[PDB]
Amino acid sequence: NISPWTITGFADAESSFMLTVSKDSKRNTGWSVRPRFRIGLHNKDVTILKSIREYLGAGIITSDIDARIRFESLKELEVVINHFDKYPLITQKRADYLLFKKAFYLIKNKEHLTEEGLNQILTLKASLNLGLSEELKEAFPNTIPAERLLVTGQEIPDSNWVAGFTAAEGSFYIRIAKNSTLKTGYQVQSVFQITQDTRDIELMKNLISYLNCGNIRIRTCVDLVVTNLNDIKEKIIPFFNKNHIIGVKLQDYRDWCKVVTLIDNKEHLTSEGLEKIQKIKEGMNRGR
C-alpha cells in the first residue's frame, strides 16, 4: 500500500483542480458549472494511478495518448476533499485547492444554480489556475477575482511527501562534460535535481534544509541541485532508499544509484569505465 503523504506530495507536484464553466441554454443563469480533480502521467507510469485508486477507494482511470485518474462526481470529489484536508498541500497549489474547495461546496448545496452563486463561483475560477477565458470575460465583466491565501510558512510535513514530490518532478541524471583538463577527456558527475518556478522558493529552500544538502539556484524557474558526491552517497541516496521513488523513475534511480557507486570507486577515470558509464547513461531517462 502507498503512503498517503506520497500521494499528497505527488499531487502537490503534478495534479490540477479545475472548474469548467460552459454556456448552457437549459439553465436559468445560462451557464453550466462543474468541478474536476485530475492526475496525468505518461502511459508507462499507469501503475501509480492504480496505486492511488486503491488507497483512496475512488477514482476513474483511463489510458489513451496519456494515463489519467479523474474525479468528477460529487461523491468521488468528496473522497478527494477528505484526503487533502487530512494531508494538506504545500506548493502554491494549496491556494488553488482552497479556491476549489469553496467552489466545490457552493456546487454541493446547489447554489451554483443561482445568479448569485454562479457569480461567486466565477470569482474563484478567475484566480484559479489560468483565470477566466476570453469567452468568460465577455460574458461576465466587472468580476473581481477572489483573494488567494498565500501559503508561505509551510514546512516539509513528512519524508514520504518528498518521495512523492520527486517521483513526479525530481530528476536523477548523469552529467558528462567533454573537458580536456581531465585524463579521460570527460568530467563525470552524478546530479540530483528538483525544479520549481520561483513562486515557491520557501519550499525549495526548506527542502535543502530537510535533506540538509544541495543548492538553490535562480534561472524564470529555480533549481535545487545536488552534485556533491558525498552528499549524494551519504545523504540523498539513503533518503530515497527508505522513502521510495515510485514509477519508472525508480528504475532510472537504480541506474543512477549504480553509476554513483562506480564513480565512488574512481572507475570513471578510465576510458573503459567512461565507456561503461555512457552505456548506462544512454539507457536512462529519455534514453529508454
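Sequential numbering from 1, following the sequence displayed.
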Self-check item: Deposited residues omitted from coordinates between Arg219 and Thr220, as a class
Solution: 10 or more
Self-check item: Mean Cα B-factor comparison, 34-42 or 257-265, giving the higher one as deposited
Solution: 257-265
Exercise. Take the C-alpha B-factors listed in the entry for 186-194 and for 130-138, compute each mean, and give the stretch with the larger one.
Key: 130-138
Quiz prompt | Residue with highest C-alpha B-factor in the PDB entry, from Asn109, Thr166, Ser73, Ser159 | solution = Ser159
Quiz item: Of the choices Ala103, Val80, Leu203, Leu113, which one's C-alpha carries the largest B-factor in the record?
Solution: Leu203
Practice problem: Compare the C-alpha B factor of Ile90 with those of the other modelled residues in its chain, then answer lowest, middle or highest third. | Solution: lowest
Quiz item: Taking the C-alpha B-factors as the PDB entry records them, is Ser51 in the lowest, middle or highest third of its chain?
Solution: middle
Quiz item: Is the Cα B-factor recorded for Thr181 in the lowest, middle or highest third of its chain?
Solution: highest
Quiz item: Which third of the chain holds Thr227 when residues are ordered by C-alpha B factor: lowest, middle or highest?
Solution: lowest
Quiz prompt | Third of chain Cα B-factors occupied by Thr123 | solution = middle
